[PDB]
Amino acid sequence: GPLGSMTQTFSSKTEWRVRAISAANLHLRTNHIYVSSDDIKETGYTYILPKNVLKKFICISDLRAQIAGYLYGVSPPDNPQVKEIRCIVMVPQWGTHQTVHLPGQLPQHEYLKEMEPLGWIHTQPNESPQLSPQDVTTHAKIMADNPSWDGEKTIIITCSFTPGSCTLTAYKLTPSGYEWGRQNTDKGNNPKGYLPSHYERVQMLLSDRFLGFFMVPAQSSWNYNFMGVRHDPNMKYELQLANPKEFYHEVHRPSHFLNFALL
């Protein structure tokens, strides 16, 4: 019985600080990246992700809120069954632990006109035996709105935060996966109709032989996880040839700095 005896006051806490301290350590995982490429599939299309941009993509991310980048590349001159990822494009986005929210508009820039869209990559808190139904729906709706995304050619790379490390897996949709995903409204973890035959794993190799590069928005940054209302599926954006800033960088959370000035 407190009665009048015991009274304690609430000192606030905040989750983004713990996550920010955590995100400062993401560079440790970049020395320990594993590709879960021991799969039944043989040949098919083979995707080559350069290590430099993958490491950068890991360092700018968050351990809770997924982030995503668009993949662009080409085939080596005389080997068309191999796709080399040459560029990752960060666009205005905001995520949760289960999904990311990207604009309807796809990257547009003359510097990518000689390249080929190869799909997307995104972080994920935990490894999973199967491809998420959120991912199937996302990829299928992007395919339905953008005919340049070939079902036989665009992939979903998941970068999962295993303890001390990052584990990569690459998937593609099947025609059944496409058709189911483009008509799915259930955001839940088990929407009706979702099947494992909706995707298949594709071959994926990390390489040090060549370097990728990044493109980022021209008039903002990519992270909107602190400016959710400023984000809109119909937002338009331009791009520039530059490297992206980490998740908890100051330009991504201006209200923190402007509101601490109010005591």
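By rigid core we mean the largest C-alpha set that fits within 1.5 Å across both forms. Just count from 1 along the sequence shown to find any residue number.
Averaged as a root mean square over residues and superposed structures in 6 other deposited structures of this protein, CA distances to the shown form are larger in 32-40; the pair compared was 192-200 and 32-40 with a core fit. Root mean square Cα distance to the shown form, taken over structures and residues in 6 other deposited structures of this protein after a core fit, is higher for 7-15 when 235-243 and 7-15 are compared. Of the two segments examined, 43-51 and 62-70, it is 43-51 that shows the higher average Cα temperature factor in the deposited entry. For the segment pair 187-195 and 144-152, the entry gives 187-195 the higher mean B-factor, averaged over Cα atoms. Out of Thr158, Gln105, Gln81, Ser176, the entry records its largest CA B-factor for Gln81.
The residue among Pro92, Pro76, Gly181, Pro117 whose C-alpha atom has the highest B-factor in the PDB entry is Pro76.
Per the deposited record, the Cα B-factor of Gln240 falls in the lowest third when ranked against the other modelled residues of its chain. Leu211 sits in the lowest third of its chain by CA B factor, as recorded in the PDB entry. Per-chain ranking of the deposited C-alpha B factor places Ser36 in the highest third.
In this PDB entry, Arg29 carries a Cα temperature factor that places it within the middle third of its chain's modelled residues. For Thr138, the recorded CA B-factor ranks within the lowest third of the chain. Only modelled residues enter the ranking.
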